[PDB]
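Below is a structure I'd like to ask you about.
All heavy atoms count here, side chains included; hydrogens, waters and symmetry mates do not. Letters go in sequence order (proteins before strands), and every chain restarts at 1.
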There are 2 protein chains.
Amino acid sequence: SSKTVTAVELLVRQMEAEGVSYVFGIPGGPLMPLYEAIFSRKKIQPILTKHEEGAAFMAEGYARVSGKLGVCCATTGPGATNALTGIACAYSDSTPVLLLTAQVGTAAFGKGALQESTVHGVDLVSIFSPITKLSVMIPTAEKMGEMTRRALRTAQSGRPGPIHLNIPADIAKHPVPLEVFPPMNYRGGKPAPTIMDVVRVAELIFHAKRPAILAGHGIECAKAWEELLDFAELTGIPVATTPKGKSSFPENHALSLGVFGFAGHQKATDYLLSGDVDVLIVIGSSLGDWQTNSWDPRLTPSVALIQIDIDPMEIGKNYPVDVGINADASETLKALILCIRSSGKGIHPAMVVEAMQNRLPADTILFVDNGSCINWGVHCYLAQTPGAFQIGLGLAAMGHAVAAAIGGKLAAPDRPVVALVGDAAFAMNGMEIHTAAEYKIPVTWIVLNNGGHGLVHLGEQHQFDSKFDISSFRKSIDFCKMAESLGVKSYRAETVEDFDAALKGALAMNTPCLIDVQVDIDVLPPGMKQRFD
Amino acid sequence: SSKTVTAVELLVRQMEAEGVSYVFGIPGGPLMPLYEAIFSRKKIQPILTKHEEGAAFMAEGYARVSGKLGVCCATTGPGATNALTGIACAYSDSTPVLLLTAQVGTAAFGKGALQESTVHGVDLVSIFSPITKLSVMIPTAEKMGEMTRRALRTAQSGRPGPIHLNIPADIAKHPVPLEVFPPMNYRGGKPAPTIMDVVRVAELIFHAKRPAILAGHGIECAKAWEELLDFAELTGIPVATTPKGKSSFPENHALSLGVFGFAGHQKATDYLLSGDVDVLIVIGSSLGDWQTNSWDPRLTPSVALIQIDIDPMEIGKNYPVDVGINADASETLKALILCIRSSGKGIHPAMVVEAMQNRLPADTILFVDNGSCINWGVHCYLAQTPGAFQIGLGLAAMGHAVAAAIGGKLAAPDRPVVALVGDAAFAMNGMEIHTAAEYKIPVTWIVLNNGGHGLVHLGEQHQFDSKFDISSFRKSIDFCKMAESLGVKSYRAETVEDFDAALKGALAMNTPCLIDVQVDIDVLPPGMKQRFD
Ligand SMILES: Nc1ncnc2c1ncn2[C@@H]1O[C@H](COP(=O)(O)OP(=O)(O)O)[C@@H](O)[C@H]1O
Ligand SMILES: Nc1ncnc2c1ncn2[C@@H]1O[C@H](COP(=O)(O)OP(=O)(O)O)[C@@H](O)[C@H]1O
Ligand SMILES: Cc1ncc(C[n+]2csc(CCOP(=O)(O)OP(=O)(O)O)c2C)c(N)n1
Ligand SMILES: Cc1ncc(C[n+]2csc(CCOP(=O)(O)OP(=O)(O)O)c2C)c(N)n1
Ligand SMILES: [Mg+2]
Ligand SMILES: [Mg+2]
């Protein structure tokens, strides 16, 4: 006969215990009980977005920067389906995002309820099943606690990923016992390497004449920046990153090879494909297409390929491994450090990036969209701070960075947050700067305004002999005016001097800002030629 | 040894035979062979949109207005997932929309390909399965013709609905035999009622003292407007429509009851729930929540319920039927006519709508979005022309009408096309007005700008005691400035006199136009109080 709360309040309180601070989303009729519970608790802050997709991107960005669980909510039917791309990006980047969706009342199942979201209508649980680690409808109020804890355990254990919890509106306000647990009670710790593997890796490094490390996005998921650095310095092993793993290692460090793979650096290409690397250590990379120059066989080391991954299904997928370590990257690096120590043995886009480099403070978190910004950002921007380069290459969704940067700023309010994005990507999700204006979230968007789809335009020229154009706008979008309409200060930049001033002004603001940069659509970005050939 | 074409060209030619005139979408690397084929044939025209969701909405609007198949295309991964909401609305409204998605080349399956869209990545085929009649990956170039015909047959047969065809990029340019068929060779006709059921309905009508017809959106799917009108006039039976079925029967006609159900008219409510209707004929309605005032038992007739539906699974779902006719609505009505004849026996939103009624030509196609616009359009606008009221109430996705109106105008270029939409819905998909500017598509958007989520705000007041606000913008969006930024002429209207002038100007343009109307968020729309109780 214990203390009761509503099922949806229990859910909110259990999220509190996980350190959730924001819920991104858009309300709707069957979702209102969740908002009622949030506003009654006055701890988690709801963020109203313009599109549920932007809500999901924001939760994804909040999660990646905070290292915590991101949470978004959407209503029945088209609310939840609008979130899908963002959940699919969290899925492809191994980001823990919880999507809470509403469901009609049980008494209306199979009758043609408004936005019915069951097997009889638009089956949200089945739609999200392929791109979540778990997609389930809460069957009864009594199971809310167990299912919530299950979702939280599943999102953040093993390879992190998103969760979809669907909540019938009548279940939401049923009374349940107030049963909230600390996170350590309902999820376990991280896997470590075996003693044998540590000793074998140590020995391989001791005898290696040209070892190398390829560090991927798993370094960020494992929060292993300081261990990777210590390990690299203790051994003298040079470190390349994958494109998405950029900022896992300080690119100004003497041991940094830069980025290997798409839009990468000749320094890394020469070191890793020259045939001289005898021991290659892959840490937290899935070794997909862009990470390997389309599975280039020259990546194969001459003595041993060591691959460290928390997901056992990634080990040896595309390259045969000699030491396949199923463990968390941070636990592995710590063990390796323990073993080795104890032993004792328009404007040219490049100018834009350069100008950004000269003005952005060192602690800036840089979000980069998908488009030619990828090449310019990955290739030309020097990332010195751990985790400060945020790019969603798993799915490479246009508009991801446009919205994710807002969630990032909420996760790191003390740090400058800048997003480098294309104009077509900004047309997809740029309305979200209104969300930044509404909540006074200071982010700076730099729009490479080349009047259309640059990467597609170059593909038409280089692969289809300019036979057709389905990439250039007849009239460019005026982002300054668009920003103005959404209540966000803006600057237009047609020269480097103009850009430098704009950036300078933007950084000093305590509100959001947009910089519309004039850029030529014909400019060939770094690495695209090789990619075309 | 007969002529061969590429698989993707075969697909384009087979869509030509179905009368497809536009393909809405956004290009991407694996999708480019489709665009190459389209541009080489110069009959189907590609329409570049701002978001793949807007492309799916446009295909949906094109399909509903044209009575033909709508086609949208998206690239791998996030391109396709961005379309999902629009496809889900086609599914909920029984609209034939074909979504063509690209897939990576087969040689990269399971290796971590860029935007890999297989079971090993983001599994598009399984994601779309719940909201399509068919979702399949073309396994070989040789099967392109059969799979295409299968898709076209499936979309437009039985209860119409959307299809997802996923095309591996390497298959796209393999040679295949040039084999194109007219639609009648690979899909059949419509089913008719049995003579026994026709005679039974005729007898029930001949003896009925207070008959009524409730006509739904199936009337449009069957293109049965003239047969419905002739049937009602022949029998003297008054006709109500469902909300979504509005414009299936001329609302100025002496036999019109108006709309029954959500935001409907008292005339229809009095007639149908009085208990005096003895024979009720439901034609092409799924009898969901809004169609039945939450399955009101008083809708039950006292003698006989007759239900006509092409989908046998809808017949008798929520109300027991006495005559359940599985047939096309147009074939059934023609049969009934043949039998009976042979026998021989801010600004207040209501003022906005009145001004629209006071200027719009009779042939105007009115798209109404989802939001309080539903209530104002359904209740206050008098629809006289068959099919000229276009509302997507199956899923009621915000932003649907914003984009669907562009496809509608392309389907009926000689007719005025106007969209009545809320400001939050325009923030979700309003960027598509740049698509209308790019192609010079004259559509008029009327934005009810109440500075936030009107229906949600009223729900907070009437169901949650104004305890919280997650609905009002701190600073409303300036849609005239946004339109200007996107190259679209615009007007701001704060009085009915300004609005009338704006509409007049808008109708005379041969370019798109946006009208930003000041509206009080507090006004209670017709039918809301009833829904609240
Ligand atoms: N905590 C962790 N420790 C080690 N590996 C991890 C951890 N979290 C995620 N991973 C792994 O890191 C990899 C990330 O791959 P991906 O997201 O494709 O980035 P990249 O583009 O750098 O390969 C996955 O193979 C995943 O299993
Ligand atoms: N050609 C047709 N003839 C008869 N009924 C049809 C036809 N096409 C679709 N239908 C039916 O019309 C109904 C449409 O229901 P719905 O889209 O919910 O509209 P409404 O809101 O008017 O009920 C479905 O039950 C579908 O099976
Ligand atoms: C949602 C989505 N649709 C399509 C693509 C395919 N795509 C990759 S780059 C590109 C063009 C991006 O244009 P813009 O953002 O203006 O950048 P630019 O390359 O011109 O700098 C497109 C459509 C994608 N990645 N995501
Ligand atoms: C994609 C989507 N998200 C959420 C909802 C829930 N919803 C119904 S009405 C409404 C408010 C719409 O606001 P606006 O378009 O400005 O219209 P208003 O009611 O203020 O006229 C919302 C969010 C929805 N129907 N579709
Ligand atoms: Mg561009
Ligand atoms: Mg509104």
Side-chain angles (χ1 to χ4, degrees), chain A residues 12-25 38 43-47 49 54-73 83 86-87 89-100 133 148 151-163 182-184 187 190 217-226 244-248 284 310 328-330 363-368 383 385-392 394 400-419 432 435-436 439-443:
Chain A
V12 166
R13 286 167 174 254
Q14 186 69 77
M15 290 193 303
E16 286 172 19
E18 286 267 352
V20 171
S21 291
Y22 296 97
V23 176
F24 305 91
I38 288 174
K43 301 178 182 276
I44 294 172
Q45 180 131 6
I47 300 296
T49 69
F57 286 143
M58 283 183 209
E60 202 276 344
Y62 179 92
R64 279 193 61 177
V65 171
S66 70
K68 303 197 306 202
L69 176 76
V71 180
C72 48
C73 59
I87 306 310
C89 291
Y91 181 78
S92 89
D93 293 332
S94 306
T95 312
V97 175
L98 170 59
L99 168 66
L100 304 171
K133 302 183 73 176
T148 295
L152 302 175
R153 170 172 61 254
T154 305
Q156 304 166 106
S157 299
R159 183 180 189 159
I163 309 295
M184 62 156 298
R187 50 199 186 78
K190 310 205 137 213
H217 176 57
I219 294 289
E220 175 183 287
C221 299
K223 301 166 175 90
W225 301 285
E226 172 163 358
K244 193 162 77 197
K246 191 191 183 61
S247 74
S248 301
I310 205 171
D328 169 269
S330 156
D363 59 342
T364 295
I365 305 171
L366 178 63
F367 285 77
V368 173
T385 291
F389 190 93
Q390 293 286 320
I391 197 171
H400 185 168
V402 174
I406 302 168
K409 184 70 182 200
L410 292 175
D414 52 317
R415 293 180 67 185
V417 168
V418 172
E432 296 299 348
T435 303
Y439 294 91
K440 315 188 200 165
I441 299 166
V443 168

- Separation of A:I406 CD1 from A:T49 OG1 (nearest 0.5 Å): 9.0 Å

- What pair of heavy atoms forms the shortest contact from A:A412 to A:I365, and how long is it? CB-CD1, 3.7 Å

- Query: Between OG1 of A:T385 and CG of A:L366, what distance do you get to the nearest 0.5 Å?
  - Reply: 11.5 Å

- Query: When you measure from the side chain of A:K244 to the backbone N and O of A:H217, does any donor-acceptor pair fall under 3.5 Å?
  - Reply: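 No; zero donor-acceptor contacts below 3.5 Å.
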
- Locate the shortest heavy-atom distance separating A:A155 from A:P96; write the atom from each residue and the value. O-CB, 3.6 Å

- Task: Carefully, step by step, assess A:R159 and A:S94 under the rule side-chain hydrogen bond (donor to acceptor under 3.5 Å, both in side chains).
- Result: CA-CA 6 Å; A:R159 183 180 189 159; A:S94 306; 2.8 Å; yes

- Task: Quick one: closest heavy-atom pair of A:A401 and A:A419, and the distance?
- Result: O-CB, 4.2 Å

- Query: If you look at every heavy atom in A:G218 and A:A329, which pair is closest and at what distance?
  - Reply: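 Looking at all heavy atoms of both residues, the closest pair is O-CB, 4.5 Å.
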
- Note on the structure: Tightest non-hydrogen contact, residues A:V20 and A:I44, listed as O-CG1, 3.3 Å

- Flag the pair A:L100 / A:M15 as yes when at least one side-chain heavy-atom distance between them is below 4.5 Å, and no otherwise.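 A:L100 reaches A:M15 side chain to side chain.
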
- Query: Does the A:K190 side chain pair with the main chain of A:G158, one donor and one acceptor, at a distance under 3.5 Å?
  - Reply: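 It does not hold such a pair.
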
- Query: Distance from A:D328 atom CG to A:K223 atom NZ, nearest 0.5 Å?
  - Reply: 9.5 Å

- Message: Distance check, rounded to the nearest 0.5 Å: A:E18 atom CD versus A:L69 atom CG?
- Response: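 The CG atom of A:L69 is 6.5 Å from CD of A:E18, to the nearest 0.5 Å.
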
- Item | By salt bridge (charged side-chain N to carboxylate O under 4.0 Å, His left out) - contacts of A:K68 (at least two apart) | none

- Query: Do other residues, nucleotides or ligands put more than 12 heavy atoms under 6.0 Å from A:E226 CD?
  - Reply: no

- What is the minimum heavy-atom distance between A:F389 and A:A383, and which atoms define it? CB-CB, 4.3 Å

- Which residues satisfy the salt bridge (charged side-chain N to carboxylate O under 4.0 Å, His left out) test with A:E220, sequence neighbours excluded? A:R64

- Could you give the distance from OG1 (A:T148) to CD1 (A:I163), rounded to the nearest 0.5 Å? 11.5 Å

- Message: Under a 3.5 Å distance rule, please check whether A:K43 uses its side chain to pair with a backbone N or O of A:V12 as donor and acceptor.
- Response: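 No: the side chain of A:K43 does not pair with the backbone of A:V12.
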
- pair A:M58-A:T435: side-chain heavy atoms closer than 4.5 Å: yes

- Do any N or O atoms from the side chain of A:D93 and from the backbone of A:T95 form a donor-acceptor pair under 3.5 angstrom? no

- Quick one: pull up CZ in A:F57 and SG in A:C72 and give me the separation to the nearest 0.5 Å.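 Reported to 0.5 Å precision, the distance equals 11.0 Å.
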
- List in chain and number order the residues that pass salt bridge (charged side-chain N to carboxylate O under 4.0 Å, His left out) with A:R153, two or more places apart in sequence or in another chain; answer none if no residue qualifies. none

- Task: Evaluate the ring planes of A:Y22 and A:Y62, with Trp represented by its six-membered ring, and classify them as parallel (under 30°), tilted (30 to 60°) or perpendicular (over 60°).
- Result: perpendicular

- Side-chain contact test, heavy atoms from C-beta onward, threshold under 4.5 Å: evaluate it for A:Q45 versus A:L410 and give yes or no. no

- Message: Using a 3.5 Å distance criterion without hydrogens, assess whether the side chain of A:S330 forms a donor-acceptor pair with backbone atoms of A:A224.
- Response: no

- Heavy-atom check, side chain of A:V65 versus side chain of A:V417, under 4.5 Å: no

